[PDB]
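Residue numbers (the deposited numbering), protein chains in the order written: chain A, 1 to 114; chain B, 1 to 114; chain D, 1 to 114; chain C, 1 to 114.
Protein chains: 4
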Amino acid sequence: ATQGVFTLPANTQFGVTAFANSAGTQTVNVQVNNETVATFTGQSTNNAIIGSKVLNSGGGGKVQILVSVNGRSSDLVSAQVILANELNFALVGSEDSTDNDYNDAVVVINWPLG
Amino acid sequence: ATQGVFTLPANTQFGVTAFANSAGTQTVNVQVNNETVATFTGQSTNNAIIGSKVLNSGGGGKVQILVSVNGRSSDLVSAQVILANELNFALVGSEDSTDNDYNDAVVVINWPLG
Amino acid sequence: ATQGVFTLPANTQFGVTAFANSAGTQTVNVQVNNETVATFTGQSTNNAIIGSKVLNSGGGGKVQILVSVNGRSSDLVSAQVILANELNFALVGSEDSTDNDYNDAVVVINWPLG
Amino acid sequence: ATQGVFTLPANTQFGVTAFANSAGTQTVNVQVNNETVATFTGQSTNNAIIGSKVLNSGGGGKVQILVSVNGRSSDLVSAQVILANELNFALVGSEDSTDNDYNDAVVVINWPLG
Ligand SMILES: [Ca+2]
Ligand SMILES: [Ca+2]
Ligand SMILES: [Ca+2]
Ligand SMILES: [Ca+2]
Ligand SMILES: [Ca+2]
Ligand SMILES: [Ca+2]
Ligand SMILES: [Ca+2]
Ligand SMILES: [Ca+2]
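So, in structure tokens, the structure goes:
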């Protein structure tokens, strides 16, 4: 299945935060309605935050996360979870090698804000 | 139900990150096997990160999040989600008032690291 | 927090299924836009299905689960999870006594159908 | 990523329930520790239950779901969610064709029982 794609409500503010856990330098691209609106880059084997931003989901509400290491696409896993019928998490893990920890870059998207 | 309590694997490294979305100043306490091992305080209505740390789950693996505003306990909601049978997220929302957005402090715990 | 309340897309077919794991006879009440549309009753300590129905979410899309045993309200826990940005589960556990297993009646709501 | 594989606690009773939403006859295979312990075969475009069984997770706790239609593997998606730090759902969707609804066979694994 396609992974890392989420439909948000339209024109809604959301937070996107990325953590790194790999020897490889991670590149996280955030696309909103098929336009790149953020790129995070960093390296950590200790969960360092390599980016955190507030973005808007725009008309289509389509938010896609892509992760690469040195231009090679990582394999993704994802889900969305909603708590108390209001608090949304869109969760992505990525795998840049063979160990299947899926934590090489971890991306957490949350809404609503404010 | 009790919320904000999670059983991790023993002696395991995990990340904890807290976000704020309220007029009220948020205090997030992190307890590992009933000892307070981190405390984050901060105020934001725009999802600012008010703390991020790497901790060890210790022998019991018990991780509890408590949130308060002005010394008053916030109501919590929580769940744990596992992706690819390996990547774990323990998720907490908290409500300090009456609107029920449960985002006033948002806490994300992730493991494994490295 | 209020639990057992979910917002579905409007005018959408959904499935609701209830399982029992208790000595007590479970009564599961299903409301759609604040009107009772189903009631499932049954007893099992071995996960027997006590009801499965297809319903429509109507204009408001509001679905609520309540659980009681001999007229006494059970404590609820719930969450919604979305897979592949399309497959939805709305999940309820309920606790009729003291052991905190939350499985006394378990309710799974799924959409889309067809 | 591999999907439809879950680690349960050892020697634990669990329920497995399959729903069908396709024109195609669905064959759901359940393995516990790499041995077939159940096979559900049925057809429905309206969420009918094509199998429900109680099984034991055995020493390894490994549970795998595979879905096929006329001998051809469906694409799977999955996740595990834990409520109240005790109530577990392991969730599978499967796609037998092109529409990406992932509901053609839907598998819900729950524990604990009793
Ligand atoms: Ca890896
Ligand atoms: Ca890693
Ligand atoms: Ca609030
Ligand atoms: Ca708020
Ligand atoms: Ca109970
Ligand atoms: Ca029970
Ligand atoms: Ca399909
Ligand atoms: Ca279908």
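We treat Cβ as the ideally placed atom computed from N, Cα and C, and that holds for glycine.
In this structure, B:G42 has its beta carbon at no less than 7 Å from each heavy atom of ligand 4. Taking non-hydrogen atoms of ligand 1 into account, the C-beta of A:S22 is found less than 7 Å away from one of them. Judged by the Cβ position, D:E95 qualifies as a neighbour of ligand 5 at the 7 Å threshold, a heavy atom of the ligand being closer than this. Scanning B:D104, B:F89, B:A84 for the CA closest to the CA of C:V5 turns up B:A84. Apart from the 5 residues on each side of it in sequence, D:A90 sits with its Cβ closer than 6 Å to the Cβ of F6, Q80, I109 in its chain, given in chain order.
Relative to the non-hydrogen atoms of ligand 3, the Cβ of D:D99 never comes closer than 7 Å to any of them.
Under the 10 Å beta carbon count, C:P9 is surrounded by fewer than 16 other beta carbons and is classified as exposed. Apart from sequence neighbours up to five positions away, the residues of its chain that approach C:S52 with a beta-carbon distance below 6 Å are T17, ordered along the chain. Counting along the chain, C:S44 sits inside the beta strand (DSSP E) bounded by residues 35-56. Segment contact: the stretch 85-104 of chain A against the stretch 15-31 of chain A, three or more CB-CB distances shorter than 8 Å; contact assigned. Taking the Cα positions, C:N33 is about 10 Å away from C:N56.
In this structure, ligand 5 has no non-hydrogen atom nearer than 7 Å to the beta-carbon of D:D75. In this structure, the C-beta of D:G71 stays at least 7 Å away from each heavy atom of ligand 8. Within chain A, no residue has its CB atom less than 9 Å from the CB of D:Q31, the nearest being about 14 Å off. C:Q3 counts as buried, since no fewer than 16 other beta carbons sit within 10 angstroms of its beta carbon. A:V92 sits close to A:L76, with the two beta carbons spaced by under 8 Å. Nearest CB-CB separation between D:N34 and chain C: not below the 8 Å threshold.
Residue environment: D:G15 is assigned as buried (16 or more neighbouring CB atoms within 10 Å of its CB, all protein chains considered).
By the CB criterion at 8 Å, A:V67 and A:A20 fall outside the cutoff.
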